[PDB]
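One structure is given below, encoded as structure tokens.
Read-outs throughout are calculated quantities, based only on the coordinates presented, and are distinct from any laboratory measurement. Here the Cβ positions follow ideal geometry from the backbone for every residue, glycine too, while neighbour counts run over all protein chains shown.
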Amino acid sequence: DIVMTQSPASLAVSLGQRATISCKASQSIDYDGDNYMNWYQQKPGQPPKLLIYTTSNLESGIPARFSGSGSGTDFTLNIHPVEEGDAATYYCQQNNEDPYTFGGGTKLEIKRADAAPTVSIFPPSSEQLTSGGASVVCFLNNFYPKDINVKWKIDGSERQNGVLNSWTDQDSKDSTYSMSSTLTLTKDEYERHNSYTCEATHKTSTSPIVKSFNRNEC
Amino acid sequence: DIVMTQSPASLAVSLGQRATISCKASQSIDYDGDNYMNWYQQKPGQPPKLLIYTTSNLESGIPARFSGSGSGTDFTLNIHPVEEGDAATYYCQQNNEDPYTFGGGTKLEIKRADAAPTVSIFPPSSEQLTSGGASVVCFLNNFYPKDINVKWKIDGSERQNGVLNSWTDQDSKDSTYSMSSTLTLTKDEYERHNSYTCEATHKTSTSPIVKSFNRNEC
Amino acid sequence: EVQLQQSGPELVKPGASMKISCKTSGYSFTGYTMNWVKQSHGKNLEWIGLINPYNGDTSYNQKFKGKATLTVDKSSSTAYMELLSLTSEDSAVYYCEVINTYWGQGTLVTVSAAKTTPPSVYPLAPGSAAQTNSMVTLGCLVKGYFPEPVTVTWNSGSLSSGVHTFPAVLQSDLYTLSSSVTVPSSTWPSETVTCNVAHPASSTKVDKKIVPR
Amino acid sequence: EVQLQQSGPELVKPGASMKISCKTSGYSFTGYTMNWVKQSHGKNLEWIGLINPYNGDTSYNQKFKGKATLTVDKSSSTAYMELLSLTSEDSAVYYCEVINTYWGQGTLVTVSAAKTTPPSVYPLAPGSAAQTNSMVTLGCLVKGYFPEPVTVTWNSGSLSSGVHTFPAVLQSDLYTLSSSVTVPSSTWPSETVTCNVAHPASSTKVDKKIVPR
Amino acid sequence: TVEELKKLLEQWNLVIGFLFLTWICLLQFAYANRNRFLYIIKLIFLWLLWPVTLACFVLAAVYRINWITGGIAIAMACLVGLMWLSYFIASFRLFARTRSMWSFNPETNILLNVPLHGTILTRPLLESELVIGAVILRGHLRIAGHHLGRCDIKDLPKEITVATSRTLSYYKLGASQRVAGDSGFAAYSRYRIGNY
Amino acid sequence: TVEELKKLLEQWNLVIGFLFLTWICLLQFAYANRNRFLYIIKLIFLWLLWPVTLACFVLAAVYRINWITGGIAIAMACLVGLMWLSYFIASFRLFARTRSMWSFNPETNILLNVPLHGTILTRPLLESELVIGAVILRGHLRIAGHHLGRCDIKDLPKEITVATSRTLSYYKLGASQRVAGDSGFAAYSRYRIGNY
């Protein structure tokens, strides 16, 4: 009933720049004279971690880089010295009305210099091959930005269906992404073609990087 | 009447080692259930700076390297991480009886690796020479330890009277000392001798370092 | 030293009930509100309820009023959240946290009438690579397992740098996952490399040594 | 932003009286005890007394009871410590401090029936050194001045590293002091070096340019 | 007729003086002198003082005219009664909300639940405020003026303050500063409020 | 004879009931409701209550036998008097030590000098302790329960607490923690004691 809609769709800043999040109350959430707005930081694979419990005066054990401000139906979380090791999701909780609802969630992305994707091609394993199927894998490591399209090439023609992509979260060590593309195929059609190719077209350069192999080459 | 006699005569420790000062009360200074012992740090040329006001729980703005302990008639000030920039004098105040008496004062010396004295010899200036007198100066820079004896040599014989020595305090940048020896002489006897020599015998080596000059050499 | 431990992952069928534990350590169990949070369908957070360990005093929300109940056992210092009439929307990560600072590990709940399937683990090495710069990638692929989650490590966690465990993706009611490590040519194949895949739901722990073909 | 400023150095004759100011800034003058401390004959600290700026309430010690008195002017926010019947043992550095954390600059008091003498400043350079490694020392000597103290700087304080101002020593009722700086051969004599000696008691400020002979 | 009225009226005067003396000896040198069993006697003395003034008001309107000027003495009584009545209902509402049994305290209707080591201790506060202070003072915790017994700097990170109508707030310990010996200056800041 | 004793004795009863009502309306809903001019009326009401019980005791021993059982009523009066007398001398000693004029307060004989912005404000404390707490709570400083007016986090670093016999202690502000908005939790720790 007091649904709060923070409206940073996606925030991407580099080192040192400000990061502002703008959680908004619903109607009149200022009960008992002040706002008990809570801010939570949640890294992927980890439970949310509290930073500020009442609109300001962040808890002990958290660096002073996090600050809270606002009142009425407008609240702001500010991180002036955006450092290397903070690329988690930020949530806002009210802790004031009948439901303790949370915010919509804002993803924080650390901007960094563009890098070329390290490309590696894995043919299907022999143990999996004798099992009845096959899966050729293409790994992209340490690339930026996240947007990238990888295509698979079979005997002179690219194929779209049967391709699954997995994106990793932004790493807390180099602020670069990794991608895993997998092309699965039954053993009936695996030996009907020879050349297997993985090509990536990234913004880091104008040259589409290509890695290929052959069935009989192994 | 409540004269307190701390008994570190002189304390010399190196980097990282503990520094303990042992101010002692007089008879029964534990009024109102606890001890209001104050610890002051005074650098040369600067007013004393407070570190601890009641026997423990040092004031804000001071690094936590300073700790206080004790009770009854035995008090202790401890500095575990003795760093480079602290070579001042420590005093203890009672703030409990009719007079607010201070301690006897303990000098804190930072121990460091021994170094050779940089020796320099200055003949008396021409402007001072025409004034009616003369003064030959010998400077020792960046030497350790403090104990050292410098002698002046006139025409083949050393002279003791008429020599004044000035020692500088331990520097807060290299923990090394400096010395200035001055031999003053009336113009009547200045031209009666030719060779003026300054020699230093320091523990840094077995070779007495000698710097000399001549009146007619100038 | 507040520590909260939940009852691992879970897998239930639609229409059944389940229990989630919140074993506590490092403090007197009575005294904290012991709030509960549910997160699912991405990164959507919402509140479940709170119970006073001293004497009852349960406080829920109308969304979860009657869907779940909280029970407290003061002897074991554990919470005993109970879930009734589960449905596909109830597949969620449940956290039990005391004072909005000490959160729990998180219990993953999957509500589906599927079948537990042991994972298929395959090592993948650059056979006949013909390119051996001192940065070579090798991987371990886990295919066709259920349910979530699985843990894939390398050499019993000895190697922590240069690891990349890609998120699982669903296909034909089976999750697939991959792990990748890039190590210099001075390592491969001089030192042993082995991928360890553990799935507690199937109670399996497989170890696969990667070898050039 | 508590700041305390005293009335500089002083020089008096035995048998006279004097006044020491403790001008305050950054806070409301009424409210602090404004304790006084005397240090002399080395590094000996002892307490003088305290006065309440609100309404009198002076508290001294029997050692200084009647030797000195404290007066407070609330308008200027300054203390007006008064010293009577000074003697050679009263040559001391007096500090006025409020709450045992904000200390004053310190007023130096010399009680002697001597004569104020302007300093004799002499530059000293290694004339005919015959050894010009890139570490050469040059000095400035102040001889025959009274009373203490004097300030000796180099090039109006531009050079702060490698400076050594040796403590003054008394001889024939005259203090002597020296200053020394070691600079590389890439500096001497390319950049101007000048020693500045300031004695406020004699109200003199001399500047001497050092030159090779 | 003078004799029996005499005996009764100076008996009333002497019992009033005795309760005055009880109040004086309670407040002069035992105002907050470790109120462990004395806070309860304070509360019950106020509770029995309510009917004392009620009886004075009702008895001031039975032995004089009740229409010209004495009718105030009963009209002034009834309001006290309703205040008294209001007291009960307020406490009743509090006793409906919680089960601490520390209600029916004449001072205020506000409960402070401190889960100190062992079980939870309930104390009557005076008003609900954002910031609550605590001191140790040689191992004797005192939160908002109530002595709660032996404690050290390693306090309890949370305590509850519940009102009657629509308030149940929580307070979290923050910035636990330590004073010489074992004395402390722990804080409590309100962070969550639960209605109904 | 019944008529005049009647009039006098229910007049005494009604004035006693009126002072009871004054106490009840003072304590029920105005116990600490911004005591700016109400703390003074509390103090003077206690001060005038001392002779109320003194008069009750002296009047309980003039209209009955004074040797068998009524002689207690005067023997119980005299002790109160000496207590009353002791009160004055204690206050007199305090009024000899300082010139705050905030003495003659029936609660305790302890003075708290807070040099807040402007002049120094004197308040009566209850006991002298090592640690003193302070709160802001939306710009309203309250040290040890006394509302001192508008203030912010940039407090006064020092305040004095003086007793009567041989005590004059000083307290220095330390670890000034700030709460949401402008509320604060400033501390005061005793560091210097001045005898005589």
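Below are the figures for this structure:
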read-out	value
Alpha-carbon centroid distance for the pair the range F:109-161 / the range E:134-196, whole angstrom	21
Distance between modelled label sites at D:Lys205 and C:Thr87, nm, 7 Å Cα→Cβ extension	8.8
The range E:1-126 - Rg (one decimal) and Dmax (whole number), Cα, Å	19.0, 64
For chain F, built as a Gaussian network whose Cα springs stay under 10 Å, the top-fluctuating residue of F:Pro106, F:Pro157, F:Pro124	F:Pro157
Among D:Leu45, D:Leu141, D:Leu174, residue whose mean-square fluctuation peaks in a GNM of chain D (springs only between Cα atoms under 10 Å)	D:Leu45
Using θ = phi - 60° and Karplus 6.51 cos²θ - 1.76 cosθ + 1.60, couplings along the range D:8-14 (whole Hz; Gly, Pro as x)	x, x, 9, 9, 10, 9, x
Antiparallel DSSP beta bridges within the protein assembly as shown, as percent of all bridges there, nearest 5	95
Taking the C-alpha atoms of the range F:111-193, convex hull volume expressed per residue in Å³	81
Extreme residue, positive dipole direction of the range C:83-213, given options C:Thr165, C:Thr187, C:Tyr94 (C-beta unit charges)	C:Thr187
Nearest-to-axis residue of chain C, judged by beta-carbon position, where the axis maps C onto D, in Å	C:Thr101, 17
Estimated translational D of the range B:1-144 in µm²/s (Stokes, Kirkwood radius over Cα pairs; 37 °C; 0.692 mPa s)	185
Mean-position separation - Cα centroids, the range A:30-108 and the range B:195-216, in angstrom	71
All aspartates and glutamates inside 18 Å of D:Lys143 as judged from Cα atoms, apart from same-chain residues fewer than 8 positions distant	B:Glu127, D:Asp173, D:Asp207
Three-way shape label, the protein assembly as shown, alpha-carbon gyration tensor, a/c 1.5	oblate
Relative contact order (%) - the range F:111-193, alpha-carbon pairs under 8 angstrom, separation at least six	29
Fewest-first ranking of C:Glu148, E:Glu10, using other Cβ atoms within 10 Å as the exposure measure	C:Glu148, E:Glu10
Distance in nm between pseudo-label sites at A:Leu15 and D:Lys19 (7 Å out along the Cβ direction from Cα)	6.0
Fewest-first sequence of B:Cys218, A:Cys138 by Cβ atoms within 10 Å of each Cβ	B:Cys218, A:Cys138
Ellipsoid equivalent to chain C - semi-axes via the Cα gyration tensor, in Å	41, 20, 13
Inter-probe distance in nm under a simple model that places probes 7 Å from Cα toward Cβ, at C:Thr116 and B:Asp98	8.7
Amide H contacts of E:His140 (H built 1.01 Å from N, under 5 Å, at least 5 apart or other chain)	E:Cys151
Options A:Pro124, A:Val137, A:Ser205, ranked by Cα towards positive dipole end of the range A:118-214, top entry (Cβ charges)	A:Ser205
Degrees between helix F:38-59 axis and first principal axis of chain F (Cα, 0 to 90, nearest 10)	30
Relative contact order for the range D:55-132, counting Cα pairs under 8 Å that sit 6 or more residues apart, in percent	18
Per-residue [θ]222 nm for chain F (sum of -39500 (n - 2.57) over DSSP H runs n ≥ 4, rounded to 500)	-14000 deg cm²/dmol
Ascending list, in nanometres, of distances separating the A:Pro208 label from those of the other copies (7 Å, Cα toward Cβ)	8.9
Other copies of C:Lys65: label-to-label distances in nm, shortest first, labels 7 Å along the beta-carbon direction	7.9
Efficiency of FRET from Cβ geometry, F:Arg138 and F:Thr167, R₀ 25 Å, rounded to 0.05	0.15
Per DSSP, loop GluC sites (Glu not before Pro) in the range E:122-196 with at most 14 further Cβ within 10 Å	E:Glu127
The range D:169-213 residues near the modelled D:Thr132 label - backbone nitrogen below 17 Å, point 7 Å along Cα→Cβ	D:183-193, D:211-213
Dipole magnitude (debye, nearest 20) for the protein assembly as shown, charges at Cβ of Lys, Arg, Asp, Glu	1080
Computed FRET value (nearest 0.05) for B:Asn78 with B:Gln46, which takes r as the C-beta separation and R₀ as 25 Å	0.65
Built amide H within the under 5 Å cut-off of C:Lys23, gap 5+	C:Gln5, C:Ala79
Nearest-to-axis residue of chain A, judged by beta-carbon position, where the axis maps A onto B, in Å	A:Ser60, 8
Likely footprinting exposure, E:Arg34, F:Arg190, fewest C-beta neighbours within 10 Å first	E:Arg34, F:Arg190
Scaled radius of gyration (Cα, divided by 2.2 N^0.38 Å) that the range C:120-209 gives	1.13
Part-to-part distance (alpha-carbon centres) for the range C:1-55 and the range B:132-175, which is given in Å	77
27 Å Cα-Cα threshold exceeded, pairs from A:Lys43/A:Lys146; C:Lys13/C:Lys208; A:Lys187/C:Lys209	C:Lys13/C:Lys208
Residues E:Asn35 and E:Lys7, FRET efficiency given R0 of 41 Å [Cβ-Cβ distance, rounded to 0.05]	0.60
Whole-Å semi-axes of the ellipsoid equivalent to the range C:3-111 (Cα gyration tensor, √5λ, descending)	22, 14, 13
About the Cα centre, charge dipole magnitude for the range C:3-111 (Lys/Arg +1, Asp/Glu -1 at Cβ), debye	60
